[PDB]
Amino acid sequence: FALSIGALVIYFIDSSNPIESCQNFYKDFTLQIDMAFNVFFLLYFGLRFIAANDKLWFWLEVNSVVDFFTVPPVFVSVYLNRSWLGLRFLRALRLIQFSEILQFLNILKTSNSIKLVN
Amino acid sequence: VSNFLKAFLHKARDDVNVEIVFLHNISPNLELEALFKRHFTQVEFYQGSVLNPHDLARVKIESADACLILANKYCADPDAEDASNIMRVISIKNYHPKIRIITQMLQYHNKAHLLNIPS
Amino acid sequence: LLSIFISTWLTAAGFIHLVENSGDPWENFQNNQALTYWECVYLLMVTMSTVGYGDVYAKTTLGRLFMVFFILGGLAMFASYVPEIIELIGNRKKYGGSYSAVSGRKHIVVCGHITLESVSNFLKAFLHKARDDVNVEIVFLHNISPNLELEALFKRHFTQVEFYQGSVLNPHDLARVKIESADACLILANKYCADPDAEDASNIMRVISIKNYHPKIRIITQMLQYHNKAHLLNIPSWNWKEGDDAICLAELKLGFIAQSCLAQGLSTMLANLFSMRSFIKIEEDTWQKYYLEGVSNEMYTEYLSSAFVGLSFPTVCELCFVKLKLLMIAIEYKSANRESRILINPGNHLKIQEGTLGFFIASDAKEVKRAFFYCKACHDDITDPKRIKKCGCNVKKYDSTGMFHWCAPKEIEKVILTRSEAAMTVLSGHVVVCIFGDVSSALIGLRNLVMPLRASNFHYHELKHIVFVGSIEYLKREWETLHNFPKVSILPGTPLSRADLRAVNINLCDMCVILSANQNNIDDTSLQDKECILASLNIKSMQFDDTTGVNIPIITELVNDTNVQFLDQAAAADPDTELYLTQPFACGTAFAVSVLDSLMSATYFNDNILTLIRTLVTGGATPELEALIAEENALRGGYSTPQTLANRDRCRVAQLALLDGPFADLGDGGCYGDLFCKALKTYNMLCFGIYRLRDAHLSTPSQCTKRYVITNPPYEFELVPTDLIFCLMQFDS
Amino acid sequence: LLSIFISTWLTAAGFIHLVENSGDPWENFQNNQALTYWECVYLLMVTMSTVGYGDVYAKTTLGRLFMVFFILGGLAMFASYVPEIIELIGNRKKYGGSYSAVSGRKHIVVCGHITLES
Ligand SMILES: CC(C)CCC[C@@H](C)[C@H]1CC[C@H]2[C@@H]3CC=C4C[C@@H](O)CC[C@]4(C)[C@H]3CC[C@]12C
Ligand SMILES: CC(C)CCC[C@@H](C)[C@H]1CC[C@H]2[C@@H]3CC=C4C[C@@H](O)CC[C@]4(C)[C@H]3CC[C@]12C
Ligand SMILES: [K+]
Ligand SMILES: [K+]
Ligand SMILES: [K+]
Ligand SMILES: [K+]
Ligand SMILES: [K+]
């Protein structure tokens, strides 16, 4: 979730740039940490994939779709050395899990507050 | 329900991983719904009937640790309540004969009926 | 409301027009905006809808101020006028209206006690998957608004079932449901009420209203008490010959129980005989396959061909069984002297007349028309049934009618036995009726249980003693209709007490019948069977010495089908098993009343089924006896005359064993067809079913004495020595 | 209720007036919009009614941000204050009142057992 928030902030910063542009990997620094987040997302997706009782239902969830629309395009960008804004905003859907974290850190106790935060 | 939760869910109780699932066909009132919401992390409620095998399948009675049956201590005819509890025991044992049952009986002469159940 | 809205709209539009076209006075009228009146009307409508395009708007200070005030005032006015809009919308009547008739689409109307359980049972019995293609639409008529669950039940069957709110007693509501073109009207009774007489009177009033609106409509009604149906004879338009029928729940149920007392498993056979069951194929060597080979049979009526005229009944029955593979049970003898009467397996002295109706038991209705298109000249040589074509080439001992055993009336004090007195006498081969009665409970009409067991078709020494175990307060209210029967005794007590059961020698009785009377008091429908199930389990667990109560034959009345599996000690193989496939039902040890709800359906598609069941089960009650009972509300004795003694000769239901009888040499591996033919030819005996030990196909020995029912086995069906045969035995003197 | 509504309306209008006339600080106050206080009052009333002509609107970044926050807060406040509005409307007595006598028009009064059949 923290890396998702970081990716959302990076997208917010990058939105000012043109939609299509070319930028060197070695010269740029933000794209490096963007790929650092993206490879962690890919590893997490693979770990959920191997620990799946049914592959179809796991393959038709919103998190998997966000991963599909986030990680293959950044691999294409690093391969072709050209950047496109794309659907990087979909990472914001991770905010739907936010309330659960507020239950993990004992912040929320009442169910009404939990469902309001949700 | 309040007395049962006070006796069962106690602070001094050691770490126990038992979840309580209530099964009753009467819709709860506001105060008892608030009582459930106070213990939503450990207590669940489902509307259904013990005499209906489908409702027993809903609450996963085939994997439950035990079934606890409470009696109506304030009734005009204790014999009718005892017979209803015996019928509930019979239905539960008919669905799953290997489950452990702890029941409440009002009159002492009625519990002998529990010896008539083969299971 | 519309006038107020339009006037406010026009006034506001004109005022905006004035302030916009005039301009601000302090600006020397230099900020005026050219804006027509209709453009201001458009602006006001765009504003009040909270759309606000912004293509036209107020530019002056006064215009903007007045627009702000108009927005505030319009919001306040709309908030104030919402309740009147709600009242104009109103509460729509969900079930008001009338039924829309469809050409070529018959409909029936169901009224009376319209609740969840009754409607569910009626739809289960009527709308069945195995039912053939029938274009009948069910229309329910009741004045009480349904609850959520029953509305969902209607929505499940919205393509075939409709509901309309109304009253039968109101002719307008009868006109709404198009009762003048309905096929039939079915009236359901409230089986759980404090006063059955009031419910019967209400049903009779509904019948009277329906017949007053349309005298030619067919009516099938439910009656709670047996003595009330005579009121239906007071209606001049009630024609029994045209299909109007009354089904007495207590009479039919207690007759089924009594006939099962005479021969266990008969209630199961009858219930499966007129009920539509889905076909299930089982190949494993169990008792279910042998049971399902007999479940498939149904009951039909057919007109005998002219080739059978002049032949005796046994000859025609043998020809039907051997050639046409049909079991012909009964005929309808028509004599203008005595109207028409259904004769159950008449003797060889009677001959088939012209155009006589006959009752057959057959797997399918297509194979029933054989008895109508049978000609000896062109079909005798044919062996395969399917190859046959339609080619044509001093002291009173009996009652007034002499059909029931009768005795002098006696006080209830002469039949009450104490526990010590009951233990002193020895009772063996008797009937024990346990009753969960009460002083304030509704009467169940115990006479309907005693009359079939006290029929004149039995000898005096063959009569079974009846011992009623229950509250004496309830039994005193029923003794006025039971004091004219020879052998009836009362033990005041409780059926749940083991001492009372041991006093009446429950281990030696031929049958124990458990009945409940406190069904209306319990609000929950599934808990209405607690006392009967507890009594059955208590009796099955008793111990005896000279050894256990598991072998005691018990018949238990149950309201809910799902409780029937509670009578089997073995664990349920599947809690979703259908009622007819359960072991207690297949063995005849349980009687679910819901089969009566099926009988009405069987009555709708064939009116002769109810008459045949009444004349087979109730002991042979005649309309003359009905009229006499209506006149006197009791049974009147009479001296024996040759006419009444000739009226004594009938046929009775019995079970026979093959261990040591005349057919013992055939029960060891012989076929059922030879047994049937020999019984029909020699003793004029009609075999129609096998009561077979459950653990008989198993090679290993077993101690289980439970038996199941096989209805009308084929000719090549094998026989084992440990079998019982259902039969209709002639009266012998 | 009316005092709360009017005070909130006036305060929001004045705050919008300040942020619009002052201009954005990071733009060196060059995007300021000449907008009188009463025009801001008009804008707030048009916004709160969900009409939105668009003849006047906030052009600065701060103005648009504060308009978004005011829309959210106003929707939340209205949703919270609906029950008090319902209580003010109340349950109208349908059959309360008095009979209005008409000259030359006799009337009789029927009382006792007033049911449907009677
Ligand atoms: C209930 C109503 C009738 C009473 C309220 C008075 C209203 C209708 C009066 C008071 C002030 C008036 C305005 C005063 C000044 C001007 C400028 C002039 O060119 C005529 C129109 C116009 C714009 C007037 C229109 C009518 C007006 C708004
Ligand atoms: C509860 C309230 C009082 C506290 C919140 C602080 C508010 C009122 C403060 C914080 C930041 C402030 C703004 C910061 C910058 C400018 C530019 C300058 O030309 C003055 C106005 C304006 C636009 C200020 C208006 C007031 C402001 C929005
Ligand atoms: K709107
Ligand atoms: K709008
Ligand atoms: K708009
Ligand atoms: K607009
Ligand atoms: K059948």
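- Judging from the entry metadata, cryo-EM is the method by which this structure was determined, and 2.6 Å is the reported resolution.

- Named according to the PDB entry, chain D is Calcium-activated potassium channel subunit alpha-1 originating from Homo sapiens.

- If you check the PDB entry, chain A appears there as Calcium-activated potassium channel subunit alpha-1 from Homo sapiens.

### Details of the pairing of strand β2 (residues 43-47) of chain B
As a general feature of sheets, a regular strand has side chains that alternate between the two faces.
And then number 1: Summarising the sheet, strand β1 (residues 20-24) of chain B and β2(B) pair through five bridges and their orientation is parallel. Residue pairing for β2(B): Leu23(B) is matched across the bridge by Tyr46(B).

### A closer look at the nonpolar core
Note on soluble globular proteins: their nonpolar side chains tend to be buried together.
And then number 1: Counting residues in hydrophobic clusters, the biggest one holds 180 residues, and the most contacted among them are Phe140(C) and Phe468(C).
And then number 2: The contact partners of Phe140(C), leaving out residues within four places of it in the chain, are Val110(C), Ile114(C), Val119(C), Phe122(C), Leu123(C), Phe154(C), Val161(C), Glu162(C), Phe163(C) and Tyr164(C).
And then number 3: Counting residues in hydrophobic clusters, the runner-up holds 32 residues, among them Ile16(C), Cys40(C), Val56(C) and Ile16(D).

### Notes on the sheet that holds strand β22 (residues 723-730) of chain C
All names here are of chain C.
And then number 1: Spatially, the four strands line up as an open sheet ordered β19-β22-β20-β21, and their pairing is antiparallel. The open sheet has two free edges, formed respectively by β19 (651-657) and β21 (707-711), since each of these has just one partner strand. The mean angle between the axes of side-by-side strands here comes to 30°, regardless of whether they run parallel or antiparallel.
And then number 2: For strand β20 (residues 686-693) and β22, the ladder comprises six bridges, and the chain directions are antiparallel. Bridge pairing in β22 places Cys-687 opposite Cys-727.
And then number 3: The sheet strands contacting helix α23 (residues 672-682) are β20 and β22, and the helix crosses β20 at an angle near 135°.

### Regarding the interface of chain C and chain D
It is common to give the size of an interface as the accessible area that goes away when the parts come together.
And then number 1: Counting from both sides, the interface comprises 15 residues of chain C and, opposite them, 13 residues of chain D.
And then number 2: If you sort the residues of chain C by the area they bury against chain D, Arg64(C), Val68(C) and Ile71(C) come out on top, with a joint share of 37%.
And then number 3: Between chain C and chain D we count one salt bridge in total.
And then number 4: With its nearest N and O atoms 3.8 Å apart, the salt bridge here joins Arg64(C) to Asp55(D).
And then number 5: Secondary-structure elements contributing two or more residues to the side of chain C that touches chain D are α2 (37-48) and α3 (61-89) of chain C.

### Notes on the arrangement of the chains
And then number 1: For the three pairs of chains in contact, the maximum contact count is reached by chains B and C.
And then number 2: There is a gap between chain B and chain D: no contact, and a shortest C-alpha distance of 20 Å.

### Here's the deal with the pattern of salt bridges
And then number 1: Tallying each qualifying case throughout the model produces 23 salt bridges over all chains.
And then number 2: Salt bridges linked by common partners bring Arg48(A), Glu61(A), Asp67(A) and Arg91(A) together as one network.

### Details of the interface of chain B and chain C
And then number 1: On the side of chain C, 19 residues touch chain B, which itself brings 18 residues to the contact.
And then number 2: Between chain B and chain C the total buried area reaches about 1,600 Å² when both faces are included, carbon and sulfur atoms providing 68% of it.
And then number 3: Three residues stand out in chain B for area buried against chain C, namely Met87(B), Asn94(B) and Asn116(B), and they jointly supply 37% of the buried area on that side.
And then number 4: Remark: the boundary between chain B and chain C carries zero salt bridges.
And then number 5: Linking chain B with chain C are three residue pairs in polar contact, by the criterion used here.
And then number 6: Those elements that place two or more of their residues in the side of chain B that touches chain C are α3 (53-58) and α4 (78-95) of chain B.
And then number 7: Across the side of chain B that touches chain C, the residue classes break down as eleven nonpolar, six polar and one charged.

Cut-offs used in this document
In this document, every chain is numbered from 1 following its sequence as written, which may not correspond to the numbering used in the entry; residues for which no coordinates exist are not shown. Chain A is the first chain written and ligand 1 is the first ligand written, with later ones labelled in order. Part of a larger assembly is shown, with all reported values restricted to the visible chains. Excluded from the side-chain calculations are hydrogens and water; all other atoms, namely the structure's heavy atoms, are used. When DSSP finds two or more bridges between a pair of strands, those strands are recorded as paired. Helix and strand definitions here come from DSSP, where helices need a minimum of 4 consecutive H or I residues and strands a minimum of 2 consecutive E residues; each element is numbered from the N-terminal end. We call a set of buried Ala, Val, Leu, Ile, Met, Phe, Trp, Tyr and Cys residues a nonpolar core when their side-chain atoms join them within 4.5 Å. Relative accessible area decides the class of each residue, using a 1.4 Å probe on protein chains only: under 20% of the type maximum gives buried, over 50% gives exposed, and in between gives partly exposed. A contact between two residues is defined here by any heavy atoms of the two lying within 4.5 Å. Comment: axis = line fitted to C-alpha atoms, over the contacting stretch for helices; angle = value between 0 and 180 degrees taken between N-to-C directions. Here the quantity called buried area is the total loss of accessible area, with a 1.4 Å probe, experienced by two parts when brought into contact, counted for both. Salt bridge criterion: a side-chain nitrogen from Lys or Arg within 4 Å of a carboxyl oxygen from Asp or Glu. Distance and chemistry together define a polar contact, namely a pair of N or O atoms within 3.5 Å, with one atom able to donate a hydrogen and the other to accept it when in protein, and with adjacent residues in sequence counting only for side-chain atoms on both sides. Throughout, the ten residues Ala, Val, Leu, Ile, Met, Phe, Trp, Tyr, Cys and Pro are labelled nonpolar, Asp, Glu, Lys and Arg are labelled charged, and all others, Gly among them, are labelled polar.

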